[PDB]
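Below is one structure, written out as structure tokens; the observations come after it.
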Ligand SMILES: [Zn+2]
Ligand SMILES: [Zn+2]
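Residue numbers (the entry's author numbering): 3 to 125, 127 to 261.
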């Protein structure tokens, strides 16, 4: 019926409604660190988030999104493998039922507890919807989360989850600074790929940071209490909202570091 992460509507069935699932530039992938090519032609990333305007937090039934005002160049990504300015529209996570799984990308087959995705669209295209129809329409920063010490900057997000427990709920979520979620280092890997959830459009340039951020066990635990279902429906915990690694096919992963 509609796609999800269960046995009957899980990643393995997506191809039936979204044939691009078996495409040539599908995400995520495993990052073989010994095969990634260092490319000294890659510029350092430029993350300008001093003017970010968060608006809302929403449970959409497959994850929770923090949405920003993208009506102007307030929170932008440039540099790196990118040409042009990319505006931040929303951020969301992918996580598992246990600490040993949850991230989309893997590093030498290592899975992380979760993966944060900061989603950006190419301003030359005027709006998010036109951006997704272009091969260079989106830039997604992926950041791994390992369990260890708490991430102070993530606490504001953890505390509001109680209020958006089920699909379709939202809460005002202003004055949230996304800079509190960045690792100290901006070294990355990059490859041409796709969205990791339906419609799996091949429009993304992936920017996967090397350094994971740490979250406490208690913080990740809160993620696992959200629900996939809407209010008044049988309870289905929102966990394992990740897709298996896809074949790299004709692609090369480039590293910004050696
Ligand atoms: Zn994602
Ligand atoms: Zn596209």
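No residue lacks a Cβ here, since even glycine has one placed at the ideal position from N, Cα and C.
Chain-order list of residues whose beta-carbon lies under 7 Å from that of residue i (same chain, five-residue window excluded)
i           : result
residue 211 : 33, 107, 145, 191 and 192
residue 139 : 124 and 208
residue 177 : 56 and 57
residue 239 : 230, 231 and 232
residue 3   : 11
residue 254 : 27, 194 and 195
residue 159 : 179
Other residues of its chain near residue i: CB distance less than 8 Å, five sequence neighbours each side excluded
i           : result
residue 113 : 98, 102, 103, 104 and 105
residue 206 : 134, 135, 136, 137, 138, 139, 140, 141, 197 and 198
residue 150 : 101, 115, 217, 218, 219, 220 and 223
residue 188 : 212, 213 and 214
residue 25  : 197, 203 and 205
Inter-residue CB distance, residue i and residue j (contact presumed, cutoff 8 Å)
i           : j           : result
residue 95  : residue 117 : 7 Å
residue 67  : residue 168 : No, residue 67 and residue 168 are not in contact; Cβ-Cβ is about 15 Å, not under 8 Å.
residue 41  : residue 257 : 4 Å
residue 72  : residue 90  : 7 Å
residue 153 : residue 223 : Actually they do not touch by this definition, with Cβ atoms about 10 Å apart.
residue 13  : residue 247 : 6 Å
residue 243 : residue 7   : 6 Å
residue 194 : residue 31  : 7 Å
Cβ-based burial, residue i [other Cβ within 10 Å; buried from 16]
i           : result
residue 136 : exposed
residue 83  : buried
residue 86  : exposed
residue 92  : buried
residue 259 : buried
residue 74  : exposed
residue 170 : buried
residue 37  : exposed
residue 120 : buried
residue 155 : exposed
residue 233 : exposed
residue 28  : buried
residue 46  : exposed
residue 237 : exposed
residue 17  : exposed
Own chain partners of residue i with C-beta closer than 6 Å, once the 5 adjacent residues on each side are dropped
i           : result
residue 20  : 201, 202 and 203
residue 172 : 61
residue 80  : 48 and 87
residue 174 : 59, 163, 166 and 167
residue 127 : 86
residue 65  : 94 and 244
Residues whose Cβ lies closer than 6 Å to any heavy atom of ligand 1, in chain order: Taking every residue with its beta carbon within less than 6 Å of a heavy atom belonging to ligand 1 gives, in chain order, 94, 96, 119 and 199.
Closer than 6 Å: residues whose CB approaches a heavy atom of ligand 2: The set, ordered by position in the chain, is 135, 136, 137, 138, 140, 204, 205 and 206.
Cβ contact (3+ pairs, closer than 8 Å) linking the segment 159-175 and the segment 228-242: With the rule of 3 Cβ pairs closer than 8 Å, the segment 159-175 counts as touching the segment 228-242.
At least three beta-carbon pairs within less than 8 Å, the segment 43-53 to the segment 178-186: Yes, the segment 43-53 is in contact with the segment 178-186.
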